[PDB]
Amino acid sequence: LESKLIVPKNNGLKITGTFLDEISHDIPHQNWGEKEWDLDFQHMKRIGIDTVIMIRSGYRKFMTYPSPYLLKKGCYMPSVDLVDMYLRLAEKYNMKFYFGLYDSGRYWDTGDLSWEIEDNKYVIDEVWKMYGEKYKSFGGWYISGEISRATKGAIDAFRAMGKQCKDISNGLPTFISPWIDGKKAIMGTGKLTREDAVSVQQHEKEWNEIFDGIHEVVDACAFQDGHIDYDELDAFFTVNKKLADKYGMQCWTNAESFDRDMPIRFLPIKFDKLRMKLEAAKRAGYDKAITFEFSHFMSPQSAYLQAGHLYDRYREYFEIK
């Protein structure tokens, strides 16, 4: 059996990139080894994922690789070099690997994104030498400092980090994945909804300033699409696309594949909500759709079995064999 769809198939932007949630801020670890990661890359390849982004090379004292710099700063040796593993898997499945910058926790504790520059000066340089120059699949940088609004030190940090990434790698692509300060941006507020969600006009004003400051060293912007309502997608995607076009940046969508509307934070999204978000991205003329996060929220291998079913609904809608 197969459900009879009552909407047109293949009418949205296909997901062609995914984050790899290491080091995760808030998603429980699946305790996968290389065998499980190899199988997930196969599941990704089947649906046409061509890009994998390791979200943050470290988070506070946790790291994804044996960094000589972070080890000297008192961070914890991991048991596996994940950077090496992901680069080898990306090469095996002919995917582009993007390296996420280090997150020290200082910006999260203060609101000043300039705290994140200094450690990344060392991380960027050692990673280029240790991995960038040696692995064919190293194809880009993810500037992992997340914001939604005008933020102290953000333009300066993005400019400094983007410039160093581009200079050392002879111009590999860079991108950011901020979020929209919408009605579901309730983090740290102690309430189920914001009655003071940002207006489209104020969002445009603040992001016009940010893109004016960073576009020479940030190639794409991939807004997280989940903090606004499903009837606000056209309004915000039109503005985000207009801003990307004005500054010559690629306009991506970070199509969240987890559900923000539920009392469990977080399980896989309802397929129709993801479909609506990808259809809106296609209507707005977006260049690429990526997702946070295939392995937990869309994989047949996920511990969240709703993810394997999401994968099947996704394949049916996009007519993927």
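From 1 onward, residues are counted along the sequence shown.
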Legend entry - Greater mean Cα temperature factor according to the PDB record, 76-84 or 164-172: 164-172
Legend entry - Residue range whose averaged C-alpha B-factor is higher in the record, 97-105 or 118-126: 118-126
Inset, instruction - State the tercile, meaning the lowest, middle or highest third, of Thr193 with respect to the CA B-factors recorded for its chain. - result: highest
Inset, instruction - For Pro178, return the chain-relative third of its C-alpha B-factor as stated in the PDB record: lowest, middle or highest. - result: lowest
Inset, instruction - Comparing against every modelled residue in the chain, figure out the third that the C-alpha B-factor of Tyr286 lands in (lowest, middle or highest). - result: middle
Inset, instruction - Could you tell me which third, lowest, middle or highest, the C-alpha B-factor of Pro68 occupies within its chain? - result: highest
Inset, instruction - Ordered by C-alpha B-factor within the chain, which third holds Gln250? Give me lowest, middle or highest, please. - result: highest
